[PDB]
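K.L.:
the data below comprise the sequence and an experimental structure of the protein.
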Amino acid sequence: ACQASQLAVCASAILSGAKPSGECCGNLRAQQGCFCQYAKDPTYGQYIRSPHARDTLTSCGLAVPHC
Ligand SMILES: CCCCCCCCCCCCCCCC(=O)OC[C@H](O)COP(=O)([O-])OC[C@@H](O)CO
């Protein structure tokens, strides 16, 4: 139901770009709902369309948006 918090911890990488993290790719899983549809969300388009974002999720290889 869109937590908007389980991913915040990752935002550090998406926005700033400190360093990825495994927990990140895991947090989204707990969602597997809004996270998927979020792919359409324009306001957060900068988050999903990030450079390190796709890398983090891909590194895990669990679920990719655009579903
Ligand atoms: C409160 C702030 C937090 C923000 C909310 C976060 C919401 C979670 C969504 C995160 C999603 C990030 C993943 C990046 C999505 C993306 O841009 O897609 C890249 C994708 O991996 C590329 O697909 P592709 O390889 O071109 O697909 C074609 C291929 O399948 C066939 O060859």
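P.N.:
Right, received. Where do you want to start? Numbers count the residues shown, from 1 in each chain.
K.L.:
give me the three-state assignment for residue 55.
P.N.:
Secondary structure, DSSP: H, G, I helix; E, B strand; the rest coil: residue 55 is helix.
K.L.:
burial measure for it, as a count.
P.N.:
12 (other CB atoms under 10 Å). Where C-beta positions appear, they are placed from N, C-alpha and C, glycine not excepted.
K.L.:
how about the residues of the chain by the ligand?
P.N.:
4, 7-8, 11, 28, 35, 38, 44, 47-49, 53-54, 57-58, 64-65 (CB under 6 Å from any ligand atom).
K.L.:
same thing but 5 Å
P.N.:
Proximity of the chain to the ligand, by CB under 5 Å from any ligand atom, involves residues 4, 7, 11, 35, 38, 44, 47-48, 53-54, 57, 64-65.
K.L.:
out of those, which are buried?
P.N.:
Listed as buried from the residues of the chain next to the ligand are 7, 35, 38, 48, 53, 57, 65; burial here means 16 or more other CB atoms under 10 Å.
K.L.:
let's have the residues you listed in JSON lines, adding distance to residue 16 and secondary structure.
P.N.:
Below are those laid out as JSON lines (distance: CB to CB, whole Å; DSSP: H, G, I helix; E, B strand; the rest coil):
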{"residue": "7", "distance to residue 16": "14", "secondary structure": "coil"}
{"residue": "35", "distance to residue 16": "21", "secondary structure": "helix"}
{"residue": "38", "distance to residue 16": "20", "secondary structure": "helix"}
{"residue": "48", "distance to residue 16": "16", "secondary structure": "helix"}
{"residue": "53", "distance to residue 16": "12", "secondary structure": "helix"}
{"residue": "57", "distance to residue 16": "18", "secondary structure": "helix"}
{"residue": "65", "distance to residue 16": "21", "secondary structure": "coil"}
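K.L.:
let me know the closest of the residues of the chain next to the ligand to residue 18.
P.N.:
Nearest to residue 18 among the residues of the chain next to the ligand: residue 11, at 10.1 Å, using CB to CB.
K.L.:
which one is that closest one nearest to, not counting chain neighbours?
P.N.:
In space, and not counting its chain neighbours, residue 11 is closest to residue 47: 7.1 Å by CB to CB, 6 or more residues apart in numbering.
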